[PDB]
Amino acid sequence: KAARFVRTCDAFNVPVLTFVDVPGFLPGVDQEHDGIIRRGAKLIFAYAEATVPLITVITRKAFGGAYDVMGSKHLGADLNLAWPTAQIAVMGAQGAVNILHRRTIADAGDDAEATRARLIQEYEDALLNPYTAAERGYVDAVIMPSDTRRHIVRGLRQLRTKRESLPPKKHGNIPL
Amino acid sequence: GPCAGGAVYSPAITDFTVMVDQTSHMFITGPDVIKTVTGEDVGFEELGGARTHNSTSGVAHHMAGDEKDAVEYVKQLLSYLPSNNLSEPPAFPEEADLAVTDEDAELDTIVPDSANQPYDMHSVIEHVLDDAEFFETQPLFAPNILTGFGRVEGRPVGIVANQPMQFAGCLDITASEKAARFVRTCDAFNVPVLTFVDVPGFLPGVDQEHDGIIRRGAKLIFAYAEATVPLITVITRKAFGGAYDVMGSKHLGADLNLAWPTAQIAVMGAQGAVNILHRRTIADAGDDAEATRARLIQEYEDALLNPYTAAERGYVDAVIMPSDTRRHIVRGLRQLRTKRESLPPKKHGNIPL
Amino acid sequence: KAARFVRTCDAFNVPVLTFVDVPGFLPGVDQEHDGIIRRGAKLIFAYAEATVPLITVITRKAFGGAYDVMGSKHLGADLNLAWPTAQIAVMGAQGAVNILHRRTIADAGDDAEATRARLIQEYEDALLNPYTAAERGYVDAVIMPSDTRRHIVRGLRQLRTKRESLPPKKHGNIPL
Amino acid sequence: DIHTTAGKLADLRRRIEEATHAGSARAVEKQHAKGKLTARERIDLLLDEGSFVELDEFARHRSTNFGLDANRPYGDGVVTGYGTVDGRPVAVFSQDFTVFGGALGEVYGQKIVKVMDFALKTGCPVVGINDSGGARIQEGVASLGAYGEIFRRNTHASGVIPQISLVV
Ligand SMILES: CCC(=O)SCCNC(=O)CCNC(=O)[C@@H](O)C(C)(C)COP(=O)(O)OP(=O)(O)OC[C@H]1O[C@@H](n2cnc3c(N)ncnc32)[C@H](O)[C@@H]1OP(=O)(O)O
Ligand SMILES: O=C(O)CCCC[C@@H]1SC[C@@H]2NC(=O)N[C@@H]21
Ligand SMILES: O=C(O)CCCC[C@@H]1SC[C@@H]2NC(=O)N[C@@H]21
Ligand SMILES: O=C(O)CCCC[C@@H]1SC[C@@H]2NC(=O)N[C@@H]21
C-alpha cells in the first residue's frame, strides 16, 4: 500500500512526510509463505528510489528492519527527527537480553527471571531511546513533539530545491 | 545459510536469488516469535527453507542440491547477462543453418489434434534455441508459465511461455508476477524476450480476485508495454480474451508476432460467445434446444477459433508453419537487434504493486 | 509560399491555424513540367515536421491529396474542425462515379447521362460532406461556423503546452 | 480434414498459394504484356536469395462500399516485408497492380506504414516499389487517411534512414 503511494508521490514531485511508530513486522507463517520478503522489500525500494524531499518523524517505536524501511536516513531521507518517546533499537529489550546475557542468565537456575527481568529493564532504560541513533547522526535531531510542525515547515523550505538522481538506467527491477 | 530479519530485504532487491536445499533459510521472523504470537508451531525448513521459497513464496529463483551446483547455477546466470546495462549481453556469434532440419519438422506435429490433449512447451522452446539448451529459472514456482535463458545464433535471449501441462496454461497471480519480473529483468539488461503463447485465459477463483489479480496480473502487461528490447511472440495454440493481450501481444509493443495454424485467437470460447450472440436465437425453438446451439458453437469455432481474423488485421505479422519458427526467430532477431525505442521521459514508472 | 511560412512559424514556436477550401491542384502541363511533384510536396513536409500547435478548419472543399496537404490530422494536426458545408472526399462526385459506376452507366447507350447525372447527384448528397471523415475521427468535430472562434480559443489554450519531437537527425531532406 | 492439426497445416498451405497468387492470371498476363514485372518478381530481384520475410501476407480489406467486400484478396494489393540487400537489412513494399489496379486502400496503406515503422524502429533503409493506378475510390476518404499517415512517416524518416522510391 505505502510502497506504491510513495512511488506515486515521487513520480509527480510530491514531498513525502513519514511518521514512524512500528514495533516490527506482523508475525505469521502466512506472511512468509505469501512472500513478505519480496513484497515488503517494495517499501524500501520506493524510499531509496525517491528523489523528492523526504522528512521522517519517529514518534515512538522503530525496531529492526522496520526502522530501516520507514523512510530511514540510510535509504536517503533528507531530514529525520525523533521525539523523546522514540525507541530506536535493533530489537526489543527482551529479545536482545536473551541473547546478550544468555550465559549470564543461564547461571543460577534459581533466580532465573528477575535477573533477566532486571536486565530487560536495564536494557530498555539504556537503549530504548533515540539517543544512540542521535549520537551517530542517524536522526538529525531529537525534538519536542510540539516542535514537529516548525521542523517540517522549515525543513521543506530548504529541501524544496533538492536535486538528486539515480544511476542511468531504462528502469529499476523492483521486486514483484 | 541463514538470512533472518530485515537482512532478507537485500536479496529480495537483487535480480536473482539461488538457494541450497536443506542448508539455507530465509525469514523475517523466526518460529519462536510467530509461535508465541500466533500459536503456530512451524519448523525452520517449512517456514523459510529452500523449497518453500522456490515453490511457495516465489522469492527464490533456484534450489540446488548442493553449494557446488548453486555456484555453477550463478555462473550460468552471469553468462547470459552483460556486465552492466550499457552493454548488450555477452555473445558468441555464429550463423545458424536455416535449412529445415528433421528437428524443425517435429514442430509441425507437436500440437495434438485434441485441443484438450496437452503438450510440453519445453519441447517447443528447445527446438528454437541453440543446442536445444534452455536454462530455466523458478522451475518450482508457478509451473503454469516458464521463464529462462537461452541463445539464438550465440546471442542470449529470454523466454516466457505458457505451460499447457499445468493449469492448461492459464495465467494467474503467481505466473503473472513470475513472468513480469523476469521480463523487466531482461529489458533492463538489454536481453531480447521470446514469448510462446497457449493460454485459454485466467485461472478462475474467488481467491484470485480477493488476492488482487487485477493489480498483480497487470504487472505483466506493464512489463511488456515498458520493454524496449526486441520482442518476438509465437502463438502455438490458445490465445483468448485479455490473456491474449497480456502475452506479449503486438498491441503492447511486440515487434514480431507469429501464429501457427493451430492458433486460436478470439475474445472468448465458442460456448460463452454463442450463448450471448445467439441468446435470443437459441431462446426460440425450445424443441431441439441443443444441436441448435451446438451447431452455432460449431459454426463459431470453425469460423473464428483460428488466427486468420487477427492476421487479416495484422495483429499477427504472419501465420507460419510450426517448422519455420526457428527460421523466423533467427531472421527476426537479426533485424531487431538494432531496435531503438524509448518511453516518455519520467523519473520512473508507477507499476501496480 | 505556404510551405516556407509554416516552417518559419514552427522554427519560432508560432502556432499555425489553417482554413481549408481546396478543390485540388491547378491542372496544367506547365505545373507538371515545372516540378509540382517535388515542389508541392514541400507543404506536406512543412506540416508533418511542425511541432507547434496545429488547428485546422475545413470550411468547404477538401478533395484528394489536397485534403492531406492542408494540415490534415494525418500529418500531425492536433485539432481538425469541419463546417457542415465541408466536402471531404477522395475526389469530385463526377470523377468518382465515372469510375465506380463505369459499367452500370455503360449499359443502355440511350439514357447515357441522367443515369450518371443522377448517380453524381446521389454521390454528392451521400459522400460530399464531412461526416464519413468525422465517423473515422479524421476531423475531431463538425461545428457550426459561428463556433469556430470558440473552438480555436479553447483549443489553443490546451495545445499551448504541446510537446513533440521528430527522430534525431542533423536535419531533414525536404524536397528542393 | 480441418479439425486435426495436419488439416490446419494443409489449410495454411492452400491459403499461402492463394495469397502468393492474389492477382488473377489475366491480370498478371496484362502486366507482363506491358513490359512490367509483378510485385513479387520485383522483390525477388531486389532482395538477397531466401532473405525475404513477408508481413501481413493474409491481410484483407474491411470495406463494404460499392460491393468491395465481394472480393477480399490476401495481401490487399501490396506485398511487404523485410530482408537483406548485399547482406544488409532493408525494409520493402511492392504495390501489386494486378489487384484492384494497385489502388491504395486502408489495409493496403496500413501495410506500408508497418514496413516504414519497422525501418525507422530498427534503423534500416526503405525501398518503395510503386505501381498504383491511384486511390481505391470505393474506400473514399479512408484512402486519403492512409496516404497522409505515409507522408508523415516519410517526413519523420527524412534524413534518418535512406528512402529510395522505385517507380515501375
Ligand atoms: C534488521 C535486523 C533484524 O531483523 S533484528 C536482528 C536479528 N538477528 C538475530 O536475532 C540474530 C543475530 N545473530 C545471531 O548470531 C543469532 O543467531 C543469535 C540468536 C543472536 C545467536 O545467539 P547465540 O549464539 O545463541 O548466543 P549469542 O550470540 O546469543 O552470545 C554468545 C556469543 O555469540 C556472539 N554473537 C554472534 N552474533 C551475535 C549477534 N548477532 N548478537 C549477539 N551476539 C552475537 C556474541 O557476541 C557472543 O560472543 P562473544 O562473547 O562477544 O565473543
Ligand atoms: O512485530 C513484532 O513486534 C514482533 C517481532 C517480530 C518482527 C521481526 S524481528 C526481525 C524483523 N525486523 C524487524 O524490525 N521486524 C521483524
Ligand atoms: O481460463 C478460462 O478458460 C476461464 C475463463 C475465465 C478467464 C477470464 S474471461 C475475461 C478474462 N480474459 C481472459 O483471457 N481470461 C479472463
Ligand atoms: O483542382 C481541380 O479541381 C481539378 C482536379 C485535378 C486535381 C488532381 S485529382 C488528383 C490530385 N489530388 C488532388 O486533391 N488534386 C489533384
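Chain letters run A, B, ... following the sequence lines, proteins first and then strands; every chain starts at 1. Remember, it's 1-based here, ligands and their atoms both numbered in the order they're listed. Basis for what follows: all heavy atoms, side chains included, without hydrogens, waters or symmetry-related copies.
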Would you mind checking which non-hydrogen protein atom is closest to [atom], with the distance to 0.1 Å?
atom                    : value
atom 6 (C) of ligand 1  : A:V90 CG2, 4.3 Å
atom 30 (O) of ligand 1 : A:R103 NH1, 3.4 Å
atom 2 (C) of ligand 1  : B:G6 N, 4.0 Å
atom 10 (O) of ligand 1 : A:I99 CD1, 4.2 Å
atom 1 (O) of ligand 4  : C:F25 O, 3.0 Å

Can you list the atoms of ligand 4 that are under 4.0 Å from a heavy atom of [X]?
X     : value
C:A66 : 13 (C), 14 (O)
C:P27 : 4 (C)
C:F63 : 13 (C), 14 (O)

Any protein heavy atom under 4.0 Å from [atom]?
atom                    : result
atom 13 (N) of ligand 1 : no
atom 11 (C) of ligand 4 : no
atom 4 (C) of ligand 4  : yes
atom 16 (C) of ligand 1 : no
atom 33 (O) of ligand 1 : no
atom 42 (C) of ligand 1 : yes
atom 48 (O) of ligand 1 : no
atom 51 (O) of ligand 1 : no
atom 26 (O) of ligand 1 : yes
atom 20 (C) of ligand 1 : yes

Short list, please: which atoms of ligand 1 are under 4.0 Å from a heavy atom of [X]?
X      : value
A:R102 : 22 (O), 23 (P), 25 (O), 26 (O), 29 (O)
A:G64  : 1 (C)
A:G65  : 1 (C)
B:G5   : 3 (C), 4 (O)

(message) Could you check whether D:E106 pairs with C:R136 (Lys NZ or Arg NE/NH1/NH2 to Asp/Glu carboxylate O, under 4.0 Å)?
(response) yes

(message) Check D:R136 with D:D76, please: is the shortest side-chain N to carboxylate O separation under 4.0 Å?
(response) yes

Of all the atoms in ligand 2, which lie at a distance below 4.0 Å from a heavy atom belonging to [X]?
X     : value
B:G5  : 10 (C), 11 (C)
A:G65 : 12 (N), 13 (C), 14 (O)
B:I28 : 8 (C), 10 (C), 11 (C), 16 (C)
B:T29 : 6 (C), 7 (C), 8 (C)

Over all atoms of both residues, closest heavy-atom pair of [X] and [Y]:
X      : Y     : result
C:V20  : C:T56 : CG2-CG2, 3.6 Å
C:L176 : C:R38 : O-NH1, 3.2 Å
A:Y47  : A:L54 : O-CD1, 3.8 Å

With a sphere of 6.0 Å drawn around [atom1] of [X], does it hold more than 12 non-hydrogen atoms of other residues, nucleotides or ligands?
X      : atom1 : answer
B:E67  : CD    : no
A:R4   : CZ    : yes
A:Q94  : CD    : no
A:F5   : CZ    : no
A:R118 : CZ    : yes
C:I37  : CD1   : no
C:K1   : NZ    : no

(message) Test your reading of the model: is there a side-chain donor-acceptor pair from C:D21 to the backbone of C:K61, 3.5 Å cut-off?
(response) yes

(message) Using modelled atom types and a 3.5 Å cut-off, is there a donor and acceptor pairing between side-chain atoms of A:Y123 and backbone atoms of A:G92?
(response) no

(message) Is the ring pair B:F16/B:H61 parallel, tilted or perpendicular, if the boundaries are 30 and 60 degrees?
(response) perpendicular

(request) Enter the distance from B:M19:CE to B:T52:OG1 here, rounded to the nearest 0.5 Å. (result) 8.5 Å

(message) So, 4.0 Å and heavy atoms of A:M91: is ligand 1 close enough to count as a contact?
(response) no

